[PDB]
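For reference, the structure is listed below as structure tokens.
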There are 2 protein chains.
Amino acid sequence: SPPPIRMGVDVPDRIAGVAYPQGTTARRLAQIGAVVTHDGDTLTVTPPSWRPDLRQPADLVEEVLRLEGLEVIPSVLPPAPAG
Amino acid sequence: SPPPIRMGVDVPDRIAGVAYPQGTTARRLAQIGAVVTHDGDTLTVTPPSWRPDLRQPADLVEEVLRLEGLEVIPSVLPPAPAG
Ligand SMILES: [Mg+2]
Ligand SMILES: [Mg+2]
């Protein structure tokens with residue numbers, strides 16, 4: 001097993017800009033084969049042996065987002081900086 | 001006496017973008033001759049008879065801001081959307 005990865009339970013929600021139903025991140029990361037444990041609002045995720053590409057939280061975020069589907073991410077123009 | 005005017009105690013602070021010291025609004029409005037009573041977080045302000053220009057909370061905001069000095073108002077860029 002690779003080293004474990006720690007990330008906040010709502011990190012995929014923030015990156016995607018979507019409030020996923022509760023348990024979505026934990027369910028999806030287990031679905032792809034990782035061991036997921038809870039410590040407050042922080043998940044400790046140990047990827048499976050066949051997923052050496054999962055090394056940091058950003059990798060985990062892609063798994064949740066692609067399985068939930070990118071079509072649920074809304075189109076929200078960010079505010080204009082004072083260019 | 002003109003009709004009384006109800007205004008939140010922090011209204012001038014919000015419009016100025018400045019956190020004035022405690023009691024600033026009540027002190028300035030009493031200086032210009034108004035009768036000021038406190039109802040929790042809401043002021044009831046009765047302007048003096050020589051100030052018929054004071055009819056709305058915005059009129060009272062101008063009194064506080066001009067006497068505190070507009071130079072204390074900071075310079076921050078607004079959050080304009082993408083045009
Ligand atoms: Mg990936
Ligand atoms: Mg005025």
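In the structure tokens, each chain is lettered A, B, ... as it comes, each chain's residues begin at 1, and ligands are numbered from 1 in order of appearance.
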
Q: For stretch 40-54 of chain A, list every protein, DNA or RNA residue within 12 Å, evaluated using only C-alpha atoms, and leave out those in the same chain fewer than 2 positions away; present the list as a ChimeraX atom specification.
A: /A:1-12,23,25-38,56-63

Limited to N, CA, C and O atoms, could you put the picked residues into a file as a compact mmCIF listing (two decimals), in the first residue's frame?
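Contents of result_16.txt, as written:
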# COMPACT_ATOMS: atom_id res chain seq x y z
N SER A 1 0.83 -1.20 0.00
CA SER A 1 0.00 0.00 0.00
C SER A 1 0.87 1.26 0.00
O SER A 1 1.91 1.30 0.66
N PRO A 2 0.47 2.29 -0.74
CA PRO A 2 1.22 3.54 -0.75
C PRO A 2 1.02 4.31 0.54
O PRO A 2 0.21 3.91 1.39
N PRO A 3 1.74 5.42 0.74
CA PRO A 3 1.53 6.21 1.95
C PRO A 3 0.14 6.81 1.99
O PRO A 3 -0.48 7.05 0.94
N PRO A 4 -0.40 7.06 3.18
CA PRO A 4 -1.73 7.66 3.28
C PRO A 4 -1.71 9.15 2.95
O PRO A 4 -0.69 9.83 3.05
N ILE A 5 -2.88 9.64 2.56
CA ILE A 5 -3.07 11.03 2.16
C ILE A 5 -4.14 11.64 3.06
O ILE A 5 -5.22 11.07 3.21
N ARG A 6 -3.83 12.80 3.64
CA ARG A 6 -4.78 13.53 4.47
C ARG A 6 -5.36 14.69 3.68
O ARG A 6 -4.62 15.42 3.02
N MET A 7 -6.68 14.86 3.76
CA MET A 7 -7.30 16.04 3.16
C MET A 7 -8.66 16.27 3.82
O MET A 7 -9.28 15.33 4.34
N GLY A 8 -9.10 17.52 3.79
CA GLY A 8 -10.37 17.87 4.39
C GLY A 8 -11.53 17.22 3.67
O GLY A 8 -11.52 17.02 2.45
N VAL A 9 -12.57 16.89 4.44
CA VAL A 9 -13.72 16.16 3.91
C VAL A 9 -14.45 16.97 2.84
O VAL A 9 -15.06 16.40 1.94
N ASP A 10 -14.37 18.30 2.91
CA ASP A 10 -15.07 19.16 1.97
C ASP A 10 -14.15 19.74 0.89
O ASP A 10 -14.58 20.63 0.15
N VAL A 11 -12.91 19.25 0.79
CA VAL A 11 -11.99 19.77 -0.23
C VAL A 11 -12.51 19.55 -1.64
O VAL A 11 -12.45 20.49 -2.45
N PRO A 12 -13.01 18.36 -2.02
CA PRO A 12 -13.57 18.23 -3.38
C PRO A 12 -14.76 19.13 -3.62
O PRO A 12 -14.97 19.57 -4.75
N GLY A 23 -21.15 12.38 2.61
CA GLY A 23 -20.60 11.07 2.36
C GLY A 23 -20.14 10.81 0.95
O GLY A 23 -19.61 9.72 0.68
N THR A 25 -17.63 12.11 -0.93
CA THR A 25 -16.18 11.94 -1.07
C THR A 25 -15.72 10.60 -0.50
O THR A 25 -14.96 9.87 -1.15
N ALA A 26 -16.17 10.27 0.71
CA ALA A 26 -15.77 9.01 1.33
C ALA A 26 -16.26 7.82 0.52
O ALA A 26 -15.55 6.82 0.37
N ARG A 27 -17.48 7.90 -0.03
CA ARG A 27 -18.01 6.79 -0.80
C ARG A 27 -17.23 6.59 -2.10
O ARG A 27 -16.91 5.46 -2.47
N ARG A 28 -16.92 7.69 -2.80
CA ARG A 28 -16.23 7.58 -4.08
C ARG A 28 -14.80 7.09 -3.91
O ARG A 28 -14.30 6.29 -4.72
N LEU A 29 -14.11 7.55 -2.86
CA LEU A 29 -12.72 7.13 -2.67
C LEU A 29 -12.63 5.68 -2.23
O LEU A 29 -11.65 4.99 -2.56
N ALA A 30 -13.64 5.18 -1.51
CA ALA A 30 -13.69 3.75 -1.22
C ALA A 30 -14.02 2.95 -2.48
O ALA A 30 -13.46 1.87 -2.70
N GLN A 31 -14.92 3.49 -3.31
CA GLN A 31 -15.31 2.82 -4.55
C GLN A 31 -14.10 2.53 -5.43
O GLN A 31 -14.02 1.46 -6.06
N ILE A 32 -13.15 3.46 -5.51
CA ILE A 32 -11.96 3.24 -6.33
C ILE A 32 -10.91 2.40 -5.63
O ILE A 32 -9.86 2.11 -6.24
N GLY A 33 -11.15 1.99 -4.39
CA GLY A 33 -10.31 1.02 -3.72
C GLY A 33 -9.48 1.52 -2.56
O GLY A 33 -8.68 0.75 -2.02
N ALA A 34 -9.65 2.77 -2.14
CA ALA A 34 -8.85 3.31 -1.06
C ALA A 34 -9.44 2.95 0.30
O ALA A 34 -10.65 2.73 0.43
N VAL A 35 -8.58 2.91 1.31
CA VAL A 35 -9.00 2.80 2.70
C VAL A 35 -9.21 4.21 3.23
O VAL A 35 -8.30 5.05 3.15
N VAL A 36 -10.40 4.49 3.76
CA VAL A 36 -10.78 5.83 4.20
C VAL A 36 -11.15 5.77 5.68
O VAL A 36 -12.04 5.01 6.07
N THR A 37 -10.47 6.58 6.49
CA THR A 37 -10.79 6.72 7.90
C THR A 37 -11.09 8.19 8.21
O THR A 37 -10.62 9.09 7.51
N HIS A 38 -11.87 8.41 9.27
CA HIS A 38 -12.31 9.74 9.66
C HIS A 38 -11.63 10.17 10.96
O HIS A 38 -11.47 9.36 11.88
N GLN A 56 -1.47 13.01 -3.71
CA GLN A 56 -1.80 14.17 -2.89
C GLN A 56 -3.29 14.49 -3.04
O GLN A 56 -3.96 13.90 -3.89
N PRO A 57 -3.84 15.40 -2.21
CA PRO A 57 -5.30 15.65 -2.26
C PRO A 57 -5.84 15.98 -3.64
O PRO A 57 -6.96 15.57 -3.97
N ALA A 58 -5.10 16.73 -4.46
CA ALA A 58 -5.58 17.07 -5.79
C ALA A 58 -5.91 15.82 -6.60
O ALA A 58 -6.91 15.79 -7.32
N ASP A 59 -5.08 14.78 -6.48
CA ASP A 59 -5.37 13.51 -7.13
C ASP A 59 -6.70 12.94 -6.64
O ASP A 59 -7.49 12.43 -7.44
N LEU A 60 -6.94 13.00 -5.33
CA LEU A 60 -8.19 12.47 -4.79
C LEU A 60 -9.38 13.28 -5.28
O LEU A 60 -10.45 12.73 -5.54
N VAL A 61 -9.21 14.60 -5.41
CA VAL A 61 -10.30 15.46 -5.87
C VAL A 61 -10.75 15.06 -7.27
O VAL A 61 -11.95 15.02 -7.56
N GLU A 62 -9.79 14.76 -8.15
CA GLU A 62 -10.14 14.37 -9.52
C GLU A 62 -11.02 13.11 -9.53
O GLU A 62 -11.94 13.01 -10.33
N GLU A 63 -10.74 12.17 -8.63
CA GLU A 63 -11.53 10.94 -8.57
C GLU A 63 -12.98 11.23 -8.22
O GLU A 63 -13.90 10.75 -8.89

Chain A fitted onto chain B, all C-alpha pairs in order, as a CSV table (one decimal) with N, CA, C and O atoms, in the first residue's frame:
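Everything below was put into selection08.csv:
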chain,number,residue,atom,x,y,z
A,1,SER,N,-40.2,71.1,16.1
A,1,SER,CA,-39.2,70.0,15.8
A,1,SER,C,-39.8,69.2,14.6
A,1,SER,O,-41.0,68.9,14.6
A,2,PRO,N,-38.9,68.8,13.7
A,2,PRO,CA,-39.3,67.9,12.6
A,2,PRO,C,-39.6,66.5,13.1
A,2,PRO,O,-39.4,66.2,14.3
A,3,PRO,N,-40.1,65.7,12.2
A,3,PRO,CA,-40.4,64.3,12.6
A,3,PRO,C,-39.1,63.6,12.9
A,3,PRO,O,-38.0,63.9,12.4
A,4,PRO,N,-39.1,62.5,13.8
A,4,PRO,CA,-37.9,61.8,14.1
A,4,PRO,C,-37.5,60.8,13.0
A,4,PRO,O,-38.3,60.4,12.2
A,5,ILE,N,-36.2,60.5,13.0
A,5,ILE,CA,-35.6,59.6,12.0
A,5,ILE,C,-35.0,58.4,12.7
A,5,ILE,O,-34.3,58.6,13.7
A,6,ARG,N,-35.4,57.2,12.3
A,6,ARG,CA,-34.8,56.0,12.8
A,6,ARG,C,-33.7,55.5,11.9
A,6,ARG,O,-33.9,55.4,10.7
A,7,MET,N,-32.6,55.1,12.4
A,7,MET,CA,-31.6,54.4,11.6
A,7,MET,C,-30.6,53.6,12.6
A,7,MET,O,-30.5,53.9,13.8
A,8,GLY,N,-30.0,52.6,12.0
A,8,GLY,CA,-29.1,51.7,12.8
A,8,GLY,C,-27.9,52.5,13.2
A,8,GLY,O,-27.4,53.4,12.6
A,9,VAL,N,-27.4,52.1,14.4
A,9,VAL,CA,-26.3,52.8,15.1
A,9,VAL,C,-25.0,52.7,14.2
A,9,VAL,O,-24.2,53.6,14.3
A,10,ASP,N,-24.9,51.6,13.4
A,10,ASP,CA,-23.7,51.4,12.6
A,10,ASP,C,-23.9,51.8,11.2
A,10,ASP,O,-23.0,51.4,10.3
A,11,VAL,N,-25.0,52.4,10.8
A,11,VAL,CA,-25.3,52.8,9.4
A,11,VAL,C,-24.2,53.7,8.9
A,11,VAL,O,-23.7,53.5,7.7
A,12,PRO,N,-23.8,54.8,9.6
A,12,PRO,CA,-22.7,55.6,9.0
A,12,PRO,C,-21.4,54.8,8.9
A,12,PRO,O,-20.6,55.2,8.0
A,13,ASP,N,-21.1,53.9,9.8
A,13,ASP,CA,-19.9,53.1,9.6
A,13,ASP,C,-19.9,52.3,8.3
A,13,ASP,O,-18.9,52.2,7.6
A,14,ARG,N,-21.1,51.7,8.0
A,14,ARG,CA,-21.2,50.8,6.8
A,14,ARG,C,-21.0,51.7,5.5
A,14,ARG,O,-20.3,51.3,4.6
A,15,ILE,N,-21.7,52.8,5.5
A,15,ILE,CA,-21.7,53.7,4.3
A,15,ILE,C,-20.3,54.2,4.1
A,15,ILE,O,-19.8,54.3,3.0
A,16,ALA,N,-19.6,54.6,5.2
A,16,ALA,CA,-18.2,55.1,5.1
A,16,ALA,C,-17.2,54.1,4.9
A,16,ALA,O,-16.1,54.4,4.3
A,17,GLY,N,-17.5,52.8,5.3
A,17,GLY,CA,-16.4,51.8,5.2
A,17,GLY,C,-15.4,52.0,6.3
A,17,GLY,O,-14.2,51.6,6.1
A,18,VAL,N,-15.7,52.6,7.4
A,18,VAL,CA,-14.8,52.9,8.5
A,18,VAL,C,-15.5,52.5,9.8
A,18,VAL,O,-16.6,52.8,10.0
A,19,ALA,N,-14.8,51.8,10.7
A,19,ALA,CA,-15.2,51.4,12.0
A,19,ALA,C,-14.9,52.6,12.9
A,19,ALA,O,-13.9,52.6,13.5
A,20,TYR,N,-15.9,53.5,13.1
A,20,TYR,CA,-15.7,54.6,14.0
A,20,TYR,C,-15.7,54.1,15.4
A,20,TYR,O,-16.4,53.1,15.7
A,21,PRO,N,-15.0,54.8,16.3
A,21,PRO,CA,-15.1,54.5,17.7
A,21,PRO,C,-16.5,54.5,18.2
A,21,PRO,O,-17.4,55.2,17.6
A,22,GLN,N,-16.8,53.7,19.2
A,22,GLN,CA,-18.2,53.6,19.7
A,22,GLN,C,-18.6,55.0,20.2
A,22,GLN,O,-17.9,55.8,20.7
A,23,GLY,N,-19.9,55.3,20.0
A,23,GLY,CA,-20.5,56.6,20.3
A,23,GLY,C,-20.3,57.7,19.4
A,23,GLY,O,-20.8,58.8,19.6
A,24,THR,N,-19.6,57.5,18.3
A,24,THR,CA,-19.3,58.6,17.3
A,24,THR,C,-20.5,59.1,16.7
A,24,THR,O,-20.7,60.3,16.7
A,25,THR,N,-21.4,58.2,16.2
A,25,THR,CA,-22.6,58.7,15.5
A,25,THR,C,-23.5,59.5,16.5
A,25,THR,O,-24.0,60.6,16.1
A,26,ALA,N,-23.7,58.9,17.7
A,26,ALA,CA,-24.6,59.6,18.6
A,26,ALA,C,-24.0,60.9,19.1
A,26,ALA,O,-24.7,61.9,19.2
A,27,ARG,N,-22.7,61.0,19.2
A,27,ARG,CA,-22.0,62.2,19.6
A,27,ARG,C,-22.1,63.3,18.6
A,27,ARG,O,-22.5,64.5,18.8
A,28,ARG,N,-21.9,62.9,17.3
A,28,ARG,CA,-21.9,63.9,16.2
A,28,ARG,C,-23.3,64.4,15.9
A,28,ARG,O,-23.5,65.6,15.7
A,29,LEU,N,-24.3,63.5,16.0
A,29,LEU,CA,-25.7,64.0,15.7
A,29,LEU,C,-26.2,64.9,16.9
A,29,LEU,O,-27.1,65.8,16.6
A,30,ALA,N,-25.8,64.7,18.1
A,30,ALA,CA,-26.1,65.6,19.2
A,30,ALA,C,-25.4,66.9,19.0
A,30,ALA,O,-26.0,68.0,19.2
A,31,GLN,N,-24.1,66.8,18.5
A,31,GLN,CA,-23.3,68.1,18.3
A,31,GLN,C,-24.0,69.0,17.4
A,31,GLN,O,-24.0,70.2,17.6
A,32,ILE,N,-24.7,68.5,16.3
A,32,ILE,CA,-25.3,69.3,15.3
A,32,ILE,C,-26.7,69.8,15.8
A,32,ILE,O,-27.4,70.5,15.1
A,33,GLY,N,-27.2,69.3,17.0
A,33,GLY,CA,-28.4,69.8,17.6
A,33,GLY,C,-29.5,68.8,17.7
A,33,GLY,O,-30.6,69.2,18.1
A,34,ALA,N,-29.4,67.6,17.3
A,34,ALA,CA,-30.5,66.6,17.3
A,34,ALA,C,-30.7,66.0,18.6
A,34,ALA,O,-29.7,65.9,19.4
A,35,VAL,N,-31.9,65.6,18.9
A,35,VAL,CA,-32.2,64.7,20.1
A,35,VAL,C,-32.0,63.3,19.7
A,35,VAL,O,-32.6,62.8,18.7
A,36,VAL,N,-31.2,62.6,20.4
A,36,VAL,CA,-30.8,61.2,20.1
A,36,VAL,C,-31.2,60.3,21.2
A,36,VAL,O,-30.7,60.5,22.4
A,37,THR,N,-32.0,59.3,21.0
A,37,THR,CA,-32.4,58.2,21.9
A,37,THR,C,-32.0,56.9,21.4
A,37,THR,O,-31.9,56.7,20.2
A,38,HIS,N,-31.8,55.9,22.3
A,38,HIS,CA,-31.3,54.6,22.0
A,38,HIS,C,-32.5,53.6,22.2
A,38,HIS,O,-33.2,53.7,23.3
A,39,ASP,N,-32.6,52.6,21.3
A,39,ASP,CA,-33.5,51.5,21.5
A,39,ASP,C,-32.8,50.3,20.9
A,39,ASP,O,-33.1,49.9,19.7
A,40,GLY,N,-32.0,49.6,21.7
A,40,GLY,CA,-31.2,48.5,21.2
A,40,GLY,C,-30.1,49.0,20.3
A,40,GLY,O,-29.2,49.7,20.7
A,41,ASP,N,-30.1,48.5,19.0
A,41,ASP,CA,-29.1,49.0,18.0
A,41,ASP,C,-29.7,50.0,17.1
A,41,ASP,O,-29.1,50.3,16.0
A,42,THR,N,-30.9,50.6,17.4
A,42,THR,CA,-31.5,51.6,16.6
A,42,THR,C,-31.6,52.9,17.3
A,42,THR,O,-32.0,53.0,18.4
A,43,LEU,N,-31.1,54.0,16.6
A,43,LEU,CA,-31.2,55.4,17.1
A,43,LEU,C,-32.5,56.0,16.6
A,43,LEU,O,-32.8,55.9,15.4
A,44,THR,N,-33.1,56.8,17.4
A,44,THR,CA,-34.2,57.7,17.0
A,44,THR,C,-33.7,59.1,17.1
A,44,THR,O,-33.5,59.6,18.2
A,45,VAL,N,-33.6,59.7,16.0
A,45,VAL,CA,-32.9,61.0,15.9
A,45,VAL,C,-34.0,62.1,15.4
A,45,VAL,O,-34.6,62.0,14.4
A,46,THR,N,-34.2,63.1,16.3
A,46,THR,CA,-35.0,64.2,16.0
A,46,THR,C,-34.2,65.4,15.7
A,46,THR,O,-33.6,66.0,16.6
A,47,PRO,N,-34.1,65.9,14.4
A,47,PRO,CA,-33.2,67.0,14.1
A,47,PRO,C,-33.6,68.3,14.7
A,47,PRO,O,-34.8,68.4,15.1
A,48,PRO,N,-32.8,69.3,14.8
A,48,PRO,CA,-33.2,70.6,15.4
A,48,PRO,C,-34.0,71.3,14.3
A,48,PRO,O,-34.0,71.0,13.1
A,49,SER,N,-34.7,72.4,14.8
A,49,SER,CA,-35.6,73.1,14.0
A,49,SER,C,-34.9,73.9,12.9
A,49,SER,O,-35.6,74.2,11.8
A,50,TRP,N,-33.6,74.2,13.0
A,50,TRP,CA,-32.9,74.9,11.9
A,50,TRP,C,-32.3,73.9,10.9
A,50,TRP,O,-31.5,74.4,10.0
A,51,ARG,N,-32.6,72.6,10.9
A,51,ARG,CA,-32.1,71.7,10.0
A,51,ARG,C,-33.2,70.9,9.2
A,51,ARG,O,-33.3,69.7,9.4
A,52,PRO,N,-34.0,71.6,8.4
A,52,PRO,CA,-35.0,70.9,7.7
A,52,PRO,C,-34.5,70.0,6.6
A,52,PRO,O,-35.2,69.2,6.0
A,53,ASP,N,-33.2,70.1,6.3
A,53,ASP,CA,-32.6,69.2,5.3
A,53,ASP,C,-32.3,67.8,5.8
A,53,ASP,O,-32.1,66.9,5.0
A,54,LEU,N,-32.5,67.6,7.1
A,54,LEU,CA,-32.3,66.3,7.7
A,54,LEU,C,-33.7,65.6,7.7
A,54,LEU,O,-34.5,65.9,8.6
A,55,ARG,N,-33.9,64.7,6.8
A,55,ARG,CA,-35.2,64.0,6.6
A,55,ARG,C,-35.1,62.5,6.6
A,55,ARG,O,-36.1,61.8,7.0
A,56,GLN,N,-34.0,61.9,6.3
A,56,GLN,CA,-33.8,60.4,6.3
A,56,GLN,C,-32.4,60.0,6.7
A,56,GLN,O,-31.6,60.9,6.8
A,57,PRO,N,-32.2,58.7,6.9
A,57,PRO,CA,-30.8,58.3,7.4
A,57,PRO,C,-29.7,58.8,6.6
A,57,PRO,O,-28.6,59.1,7.1
A,58,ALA,N,-29.8,58.8,5.3
A,58,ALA,CA,-28.7,59.3,4.4
A,58,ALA,C,-28.3,60.7,4.8
A,58,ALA,O,-27.1,61.0,4.8
A,59,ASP,N,-29.2,61.6,5.1
A,59,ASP,CA,-28.9,62.9,5.6
A,59,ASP,C,-28.1,62.8,6.9
A,59,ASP,O,-27.1,63.6,7.0
A,60,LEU,N,-28.5,62.0,7.8
A,60,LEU,CA,-27.7,61.8,9.0
A,60,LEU,C,-26.3,61.3,8.8
A,60,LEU,O,-25.4,61.7,9.5
A,61,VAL,N,-26.2,60.4,7.8
A,61,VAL,CA,-24.9,59.8,7.5
A,61,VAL,C,-23.9,60.9,7.1
A,61,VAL,O,-22.7,60.9,7.5
A,62,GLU,N,-24.4,61.8,6.2
A,62,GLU,CA,-23.5,62.9,5.8
A,62,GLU,C,-23.0,63.7,6.9
A,62,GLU,O,-21.8,64.1,6.9
A,63,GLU,N,-23.8,64.0,7.9
A,63,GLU,CA,-23.3,64.8,9.1
A,63,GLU,C,-22.2,64.1,9.8
A,63,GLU,O,-21.2,64.7,10.1
A,64,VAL,N,-22.3,62.8,10.1
A,64,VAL,CA,-21.3,62.1,10.8
A,64,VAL,C,-20.0,62.0,10.0
A,64,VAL,O,-18.9,62.3,10.5
A,65,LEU,N,-20.2,61.7,8.7
A,65,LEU,CA,-19.0,61.5,7.8
A,65,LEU,C,-18.2,62.8,7.6
A,65,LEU,O,-17.0,62.8,7.7
A,66,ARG,N,-18.9,63.9,7.4
A,66,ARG,CA,-18.2,65.2,7.1
A,66,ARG,C,-17.5,65.7,8.3
A,66,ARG,O,-16.5,66.3,8.2
A,67,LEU,N,-18.1,65.5,9.5
A,67,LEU,CA,-17.5,65.9,10.8
A,67,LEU,C,-16.3,65.1,11.1
A,67,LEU,O,-15.2,65.6,11.5
A,68,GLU,N,-16.4,63.8,11.0
A,68,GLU,CA,-15.2,62.9,11.2
A,68,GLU,C,-14.1,63.1,10.2
A,68,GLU,O,-13.0,62.9,10.4
A,69,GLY,N,-14.5,63.6,9.0
A,69,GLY,CA,-13.6,63.9,7.9
A,69,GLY,C,-13.5,62.8,6.9
A,69,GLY,O,-13.4,61.6,7.2
A,70,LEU,N,-13.7,63.2,5.6
A,70,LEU,CA,-13.6,62.2,4.5
A,70,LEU,C,-12.3,61.7,4.3
A,70,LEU,O,-12.1,60.6,3.6
A,71,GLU,N,-11.2,62.3,4.8
A,71,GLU,CA,-9.8,61.8,4.6
A,71,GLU,C,-9.6,60.5,5.3
A,71,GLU,O,-8.5,59.9,5.1
A,72,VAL,N,-10.4,60.1,6.2
A,72,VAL,CA,-10.2,58.8,6.9
A,72,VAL,C,-10.9,57.7,6.2
A,72,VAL,O,-10.7,56.5,6.6
A,73,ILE,N,-11.7,57.9,5.2
A,73,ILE,CA,-12.3,56.9,4.4
A,73,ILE,C,-11.2,56.2,3.5
A,73,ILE,O,-10.5,56.9,2.8
A,74,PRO,N,-11.0,54.9,3.6
A,74,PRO,CA,-9.9,54.3,2.8
A,74,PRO,C,-10.2,54.2,1.3
A,74,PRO,O,-11.4,54.3,0.9
A,75,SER,N,-9.2,53.9,0.5
A,75,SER,CA,-9.3,53.7,-0.9
A,75,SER,C,-9.3,52.2,-1.1
A,75,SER,O,-8.3,51.5,-1.1
A,76,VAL,N,-10.5,51.6,-1.3
A,76,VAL,CA,-10.7,50.2,-1.5
A,76,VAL,C,-11.4,49.9,-2.8
A,76,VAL,O,-12.6,50.2,-2.9
A,77,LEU,N,-10.7,49.4,-3.8
A,77,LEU,CA,-11.3,49.1,-5.1
A,77,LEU,C,-12.3,47.9,-4.8
A,77,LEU,O,-11.9,46.9,-4.3
A,78,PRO,N,-13.6,48.1,-5.3
A,78,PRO,CA,-14.5,47.0,-5.2
A,78,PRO,C,-14.1,45.8,-6.1
A,78,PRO,O,-13.3,46.1,-7.1
A,79,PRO,N,-14.7,44.6,-5.9
A,79,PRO,CA,-14.4,43.6,-6.9
A,79,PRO,C,-15.0,43.8,-8.2
A,79,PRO,O,-16.0,44.5,-8.4
A,80,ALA,N,-14.3,43.3,-9.3
A,80,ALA,CA,-14.8,43.5,-10.6
A,80,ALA,C,-16.0,42.6,-10.9
A,80,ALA,O,-15.9,41.4,-10.8
A,81,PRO,N,-17.1,43.2,-11.3
A,81,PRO,CA,-18.2,42.3,-11.8
A,81,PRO,C,-17.8,41.7,-13.1
A,81,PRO,O,-16.9,42.2,-13.8
A,82,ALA,N,-18.5,40.6,-13.5
A,82,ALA,CA,-18.2,39.9,-14.7
A,82,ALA,C,-18.9,40.6,-15.9
A,82,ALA,O,-20.0,40.2,-16.3
A,83,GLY,N,-18.3,41.7,-16.3
A,83,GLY,CA,-18.8,42.4,-17.4
A,83,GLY,C,-18.7,41.8,-18.7
A,83,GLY,O,-17.8,40.9,-18.9

Q: Just the strand (DSSP E or B) stuff from chain B, please, per backbone DSSP, written as a ChimeraX atom specification.
A: /B:5-8,35-39,42-46

(Q) According to DSSP computed on the backbone, where in stretch 5-73 of chain B is there alpha helix (DSSP H)? Give the residues as a list in words. (A)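 Assigned to alpha helix (DSSP H), within stretch 5-73 of chain B: residues 11, 12, 13, 14, 15, 16, 24, 25, 26, 27, 28, 29, 30, 31, 57, 58, 59, 60, 61, 62, 63, 64, 65, 66, 67 and 68 of chain B.
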
Give me a file of those residues, with N, CA, C and O atoms, as a short mmCIF file (atom, residue, chain, number, x, y, z; two decimals), in the first residue's frame.
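Below you can see out_25.cif, which holds the result:
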data_model
loop_
_atom_site.label_atom_id
_atom_site.label_comp_id
_atom_site.auth_asym_id
_atom_site.auth_seq_id
_atom_site.Cartn_x
_atom_site.Cartn_y
_atom_site.Cartn_z
N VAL B 11 -24.96 52.37 10.84
CA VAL B 11 -25.20 52.73 9.44
C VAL B 11 -24.11 53.65 8.89
O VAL B 11 -23.59 53.37 7.80
N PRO B 12 -23.72 54.74 9.56
CA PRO B 12 -22.61 55.55 9.02
C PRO B 12 -21.32 54.76 8.86
O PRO B 12 -20.58 54.99 7.90
N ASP B 13 -21.03 53.85 9.79
CA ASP B 13 -19.84 53.01 9.67
C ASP B 13 -19.87 52.19 8.39
O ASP B 13 -18.86 52.08 7.69
N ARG B 14 -21.03 51.60 8.07
CA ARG B 14 -21.13 50.78 6.87
C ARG B 14 -20.94 51.60 5.60
O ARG B 14 -20.23 51.18 4.68
N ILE B 15 -21.58 52.77 5.53
CA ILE B 15 -21.51 53.58 4.32
C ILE B 15 -20.11 54.16 4.14
O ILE B 15 -19.60 54.25 3.02
N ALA B 16 -19.46 54.52 5.25
CA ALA B 16 -18.10 55.05 5.17
C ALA B 16 -17.05 53.97 4.96
O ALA B 16 -15.96 54.28 4.47
N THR B 24 -19.63 57.47 18.38
CA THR B 24 -19.30 58.56 17.45
C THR B 24 -20.56 59.13 16.81
O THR B 24 -20.76 60.35 16.79
N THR B 25 -21.42 58.26 16.28
CA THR B 25 -22.62 58.72 15.58
C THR B 25 -23.53 59.53 16.50
O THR B 25 -24.01 60.60 16.13
N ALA B 26 -23.76 59.02 17.72
CA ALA B 26 -24.63 59.73 18.65
C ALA B 26 -24.03 61.07 19.05
O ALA B 26 -24.76 62.06 19.19
N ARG B 27 -22.71 61.12 19.24
CA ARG B 27 -22.08 62.37 19.64
C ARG B 27 -22.15 63.42 18.54
O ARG B 27 -22.43 64.59 18.80
N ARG B 28 -21.90 63.01 17.29
CA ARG B 28 -21.91 63.97 16.18
C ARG B 28 -23.32 64.49 15.91
O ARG B 28 -23.51 65.68 15.65
N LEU B 29 -24.32 63.61 15.98
CA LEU B 29 -25.69 64.04 15.72
C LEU B 29 -26.21 64.95 16.83
O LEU B 29 -27.01 65.86 16.56
N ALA B 30 -25.77 64.73 18.07
CA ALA B 30 -26.13 65.67 19.14
C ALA B 30 -25.41 67.00 18.97
O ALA B 30 -25.96 68.05 19.32
N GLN B 31 -24.18 66.98 18.44
CA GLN B 31 -23.45 68.21 18.20
C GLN B 31 -24.21 69.15 17.27
O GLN B 31 -24.28 70.36 17.51
N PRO B 57 -32.11 58.67 6.88
CA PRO B 57 -30.83 58.21 7.45
C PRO B 57 -29.61 58.65 6.66
O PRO B 57 -28.57 58.96 7.26
N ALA B 58 -29.70 58.68 5.33
CA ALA B 58 -28.56 59.12 4.52
C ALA B 58 -28.15 60.54 4.86
O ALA B 58 -26.96 60.87 4.87
N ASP B 59 -29.13 61.41 5.12
CA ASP B 59 -28.83 62.78 5.54
C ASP B 59 -28.03 62.79 6.83
O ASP B 59 -27.11 63.60 6.99
N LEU B 60 -28.37 61.90 7.77
CA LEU B 60 -27.63 61.83 9.03
C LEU B 60 -26.24 61.24 8.82
O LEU B 60 -25.29 61.63 9.51
N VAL B 61 -26.11 60.29 7.89
CA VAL B 61 -24.81 59.72 7.57
C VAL B 61 -23.84 60.81 7.12
O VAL B 61 -22.68 60.83 7.53
N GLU B 62 -24.32 61.73 6.27
CA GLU B 62 -23.44 62.79 5.78
C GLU B 62 -22.93 63.65 6.92
O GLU B 62 -21.77 64.08 6.91
N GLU B 63 -23.78 63.91 7.92
CA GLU B 63 -23.37 64.73 9.05
C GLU B 63 -22.22 64.08 9.81
O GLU B 63 -21.23 64.75 10.16
N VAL B 64 -22.32 62.78 10.08
CA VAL B 64 -21.27 62.08 10.82
C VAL B 64 -19.99 62.03 10.00
O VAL B 64 -18.89 62.30 10.51
N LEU B 65 -20.10 61.68 8.71
CA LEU B 65 -18.91 61.48 7.89
C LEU B 65 -18.16 62.78 7.65
O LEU B 65 -16.92 62.80 7.68
N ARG B 66 -18.88 63.88 7.43
CA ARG B 66 -18.18 65.14 7.15
C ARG B 66 -17.50 65.69 8.40
O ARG B 66 -16.44 66.31 8.30
N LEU B 67 -18.08 65.46 9.59
CA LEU B 67 -17.46 65.96 10.81
C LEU B 67 -16.29 65.09 11.25
O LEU B 67 -15.32 65.61 11.80
N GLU B 68 -16.37 63.77 11.03
CA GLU B 68 -15.21 62.92 11.28
C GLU B 68 -14.11 63.15 10.26
O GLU B 68 -12.95 62.84 10.54
#
